[PDB]
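# Below: the sequence, then the experimentally determined structure.
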Amino acid sequence: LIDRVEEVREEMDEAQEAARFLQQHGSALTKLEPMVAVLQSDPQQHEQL
Amino acid sequence: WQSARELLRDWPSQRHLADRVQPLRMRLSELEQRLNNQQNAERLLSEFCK
Amino acid sequence: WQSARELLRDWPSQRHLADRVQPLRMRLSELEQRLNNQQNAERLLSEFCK
C-alpha cells in the first residue's frame, strides 16, 4: 500500500514548474546575479547614509 | 535586496531539480505499472478467498 | 571570491542531493528483492531444463 505514485507526481509538478519558471525568468536571473549588491543602496538614501 | 537574494537562493535548487523530470517519468511509469499489478493480485486474491 | 561564490552555489545542490538518501533506500530494498527473484527463476529454470 505504498501509494507513492502521487508523491512522484507532486515531485514532477514541482520539477516541471521549476523548468517552466527557468525558461520564463532565466535571462532576468542571469542578468541580476553579477550586480545584486546595488539593491542595498538607494539614490536618496546614499545622502542620508 | 532580500527578495533578489531569496530568488538567487531558490533558482539554483530549481535548476538542480528540473533535470529530474525524465528520471521521475521513468520512475512513475514503472511504479504505476507495479501498482496495476498490485491491484490485479489483490483482486485475484480476494476473488479466491471465497 | 570566485571559489567562495562557487562553494555557495554548490551548497544548495549538496543539500538537495543529500535529501535523496531515504527515497533511494526503499528503491535499493525493492531492487534487491527483484534480483533475488531473477536469480531464483534462472536457477529453477536451469535445474528443470537439466
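Ah, there it is. Numbers count the residues shown, from 1 in each chain, chains lettered A, B, ... in the order given.
# Show me which helix runs longest in the chain.
Chain wasn't specified; assuming chain A. The single longest helix within chain A, with elements called by DSSP state H, is helix A:5-32.
# actually chain B
The longest helix of chain B (DSSP H) is helix B:21-49.
# What residues sit buried inside it?
B:24, B:27, B:28, B:31, B:35 (16 or more other C-beta atoms under 10 Å in any protein chain shown). (Each C-beta comes from the backbone N, C-alpha and C, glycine too.)
# Okay, and residue B:17 sits in which element?
Using DSSP states H and E, residue B:17 falls within helix B:2-18.
# List the buried residues for that helix?
Buried, per 16+ other C-beta under 10 Å, within helix B:2-18: B:4, B:7, B:8, B:11, B:12, B:14, B:15, B:16, B:17, B:18.
# wait, what's in contact with the second one?
Under the criterion of C-beta atoms under 8 Å, 6 or more residues apart in numbering or on different chains, the neighbours of residue B:7 are A:29, A:32.
# And for the third one?
Listed by C-beta under 8 Å, 6+ apart, the contact partners of residue B:8 are A:29, A:32, A:33, A:36.
# and what of residue B:29?
Contacts for residue B:29 (C-beta under 8 Å, 6+ apart) come out as none.
# ok, now residue B:2?
Residue B:2 neighbours (C-beta under 8 Å, 6+ apart): none.
# can you check residue A:30 too?
Counting by C-beta under 8 Å, 6+ apart, residue A:30 has no contacts.
# what's the distance between it and chain C?
Between residue A:30 and chain C the distance is 13 Å, computed by C-beta to the nearest C-beta, to the nearest Å.
# residues near residue 20, how many?
No chain was given, so I picked chain A. 12 (other C-beta atoms under 10 Å in any protein chain shown).
# Oops, wrong one, chain B.
Counted with other C-beta under 10 Å, residue B:20 comes out at 18.
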